[PDB]
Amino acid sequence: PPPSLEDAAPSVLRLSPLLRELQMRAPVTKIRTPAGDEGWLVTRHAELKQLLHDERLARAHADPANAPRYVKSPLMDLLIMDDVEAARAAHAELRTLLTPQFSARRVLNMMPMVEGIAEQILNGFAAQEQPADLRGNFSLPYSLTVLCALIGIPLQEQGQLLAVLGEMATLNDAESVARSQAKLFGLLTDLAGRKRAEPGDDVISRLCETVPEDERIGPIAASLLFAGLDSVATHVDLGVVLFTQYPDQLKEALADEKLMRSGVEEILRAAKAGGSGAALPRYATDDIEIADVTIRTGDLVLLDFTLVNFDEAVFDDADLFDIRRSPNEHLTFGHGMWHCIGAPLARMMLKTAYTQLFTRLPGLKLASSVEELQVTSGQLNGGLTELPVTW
């Protein structure tokens, strides 16, 4: 029986020993998923990068109901279709719709909105009673408010979102996920009809121009919001932890915009809970020969973007936080057909956050120890349960 991927990591910002062992054993290796099934874990940079460009991996399985699962989640099950050409076309359309929204030009047009929301939230955060949770008081409201503004979700309708998005991340209750997913899909399909009638400068309105069916705009906007919210918030949090542990690198990043940009890359490479970094399931649509192994049609393949970021064949002293790594060859956003569509926004949001946070609160420090930080578990893209800081 293959080793089981565990529920989190023993502590934050260090790769879990089980993952480091799996990586040493083989480039592609059989594991047991949290959901109990068997799967291929890709553990090394060169092999992951090659498989990110292999057309034989798809979000498709001949029998999705019986396909080997990564996690027990009705969210993943919406992702997997039973025809390959139908899955390929659905994926292709998602990227065609969304890639223009995140061009360098359009992201540049988001900067004032992002900086302005960060300043309003930071104004309130600096006044909180200390120690204060940076995640609930800053990084989550920051991420939620920017993403809702860009997508076009009214301030008047945001109250219920943090509850529904958090529930959708649960691996603990299958029926609570599915009805939260429908609440969110229903909220945003309803919203799409309203913005069709009254368009604004936002993503939902621009999708209306090209997509005439509300019932398919809503799930795209919902999955856009779910894709960005926690990941951006968690990287604000862990980026803040790293910078409080290497204050000399924080100060030089504040002093030179080149080093703040490469500092954000080094946070994207290393600011990790240390647990399993695979995000979505992929299935072989044909047999693939690689790394002295044979992946078979229907097999589950897990691309662990976090784990390959610590591959010593690529990164000198990989456990070390060093913002001067350049070029920084992390694969945190994927690559090729699968590459994160929000990467330019995420990069800009993180740079905005660290700059404003540490300029306004230069004495920002952990209330307790890094070892005392509690990584969340039993969840999709959980990060920390809270991050108490003082300043």
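So that there is no doubt, residue numbering starts at 1 and follows the sequence shown.
Stretches compared: 321 to 329, 344 to 352. Higher mean C-alpha B-factor in the entry: 321 to 329. Stretch comparison (189 to 197 versus 295 to 303) by mean CA B-factor in the PDB entry places 189 to 197 on top. Per the deposited coordinates, the residue with the largest Cα temperature factor out of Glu119, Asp77, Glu266, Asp311 is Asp77.
When the modelled residues of the chain are ordered by their C-alpha B factor, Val177 lands in the highest third. The entry lists a Cα temperature factor for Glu167 that places it in the highest third of the chain's modelled residues.
Sort the chain's modelled residues by C-alpha temperature factor and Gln101 lands in the middle third, per the entry.
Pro64 sits in the highest third of its chain by CA B factor, as recorded in the PDB entry. Among all modelled residues in this chain, the alpha-carbon of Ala35 has a temperature factor (C-alpha) in the highest third.
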